[PDB]
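The data below hold one chain only, encoded as structure tokens and taken in the form deposited in one PDB entry.
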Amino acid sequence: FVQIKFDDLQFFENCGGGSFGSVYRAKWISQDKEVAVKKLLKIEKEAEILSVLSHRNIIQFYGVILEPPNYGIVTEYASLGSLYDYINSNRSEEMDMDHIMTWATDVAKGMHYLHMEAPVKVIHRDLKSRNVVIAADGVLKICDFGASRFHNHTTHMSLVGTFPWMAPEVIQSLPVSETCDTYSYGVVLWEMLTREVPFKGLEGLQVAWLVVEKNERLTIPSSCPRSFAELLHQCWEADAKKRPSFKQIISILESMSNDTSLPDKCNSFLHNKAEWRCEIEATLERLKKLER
């Protein structure tokens, strides 16, 4: 639970501006290290139980700032930015099947560590593409895994914005198991495949209602390979007990990566977005219209 003095940080982005939970690029002066700094209202000593977690697919803890009123947590800075920004940029056109498999495996692995391998079991509860970042070598790192337990206050702002990623039982404050993260993972995989914002332009409460009451799920284009479509359907089951664990997902991904037919089918799908984008847009028009 290393303490980093506020005076040992050179901020690139003014740390005054954002709400609690905002993250700033900074330099850790005495270490000559680029870092991320998440601004917090306060942090409890108990948070030290998570300071020992370490895995190549979760963001690496560096230290804590403990000088009132300045509180924060310091981590590694992933040089390529957030997964959400990448997906929704034209840069995502570069992605082929190998890219997607590697990144899908990255997230799955990090979530398996949190669920099963860490000294303290962690259910994320807020997994989404905005909470994944891309390190300089392309390794994906999961962020905010301790938010739900140690700084839940940071999760309030655009809770509505997050509804597309939230399992029905989380939206309803029903009993929650580790598989709530499998549901969210399914949405992240859908984003990588379609490179679209889930339920784009839809009111969050409307999303939440459709997901919970009508069993609505994100549109899977008909030309999406069946192995991927099936994985998404498993992640998205209403009955949380029937969703796969991350151990099971990893095994599914390994099976898919041995399928010699898949790369051509998937790459043809990925590069065909001009063809199937209308399928997603049609569902959105329909849901918006039916709301009217």
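Between two forms, the rigid core is the largest collection of C-alphas that superpose within 1.5 Å. For every residue, the number given is its place in the sequence shown, counted from 1.
Modelled in this chain, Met157 is nonetheless absent from a third or more of the other compared entries whose models extend past it on both sides. For the pair 119 to 127 and 198 to 206, the mean Cα B-factor is higher in 198 to 206. For the segment pair 102 to 110 and 213 to 221, the entry gives 213 to 221 the higher mean B-factor, averaged over Cα atoms. Remark: of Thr155, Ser184, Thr75, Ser89, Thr155 shows the highest value [criterion: C-alpha B-factor in the PDB entry]. Annotation for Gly63: C-alpha temperature factor in the lowest third relative to the rest of the modelled chain, per the entry. When the modelled residues of the chain are ordered by their C-alpha B factor, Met95 lands in the middle third. Placement of the Cα temperature factor of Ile171 within the chain: highest third of the modelled residues, per the deposited record.
Looking at the C-alpha B-factors along this chain, the one for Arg149 belongs to the middle third.
In the deposited entry, the Cα temperature factor of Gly138 sits in the bottom third of values across the chain's modelled residues.
In what follows, reference is made to the form deposited in another entry, a form of this protein that is not presented.
Just one of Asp259, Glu46, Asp239, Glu254 moves its Cα by 2 Å or more between the shown form and the other one on a rigid core overlay, and this residue is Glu46. Once both forms are overlaid on the rigid core, the distance between the two CA positions of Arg130 between the shown form and the other one is under 2 angstroms.
Core-superposed comparison between the shown form and the other one: the CA of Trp276 stays below a 2 Å shift. Once the rigid core is overlaid between the shown form and the other one, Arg149 counts among the residues whose Cα shifts by 2 Å or more. Three angstroms is the minimum change: in that other deposited form, the CA atoms of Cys15 and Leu66 sit farther apart than in this structure, by 3 Å or more. The pair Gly16 and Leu66 separates in that other deposited form: their C-alpha atoms are at least 3 Å more distant from each other than in the form depicted.
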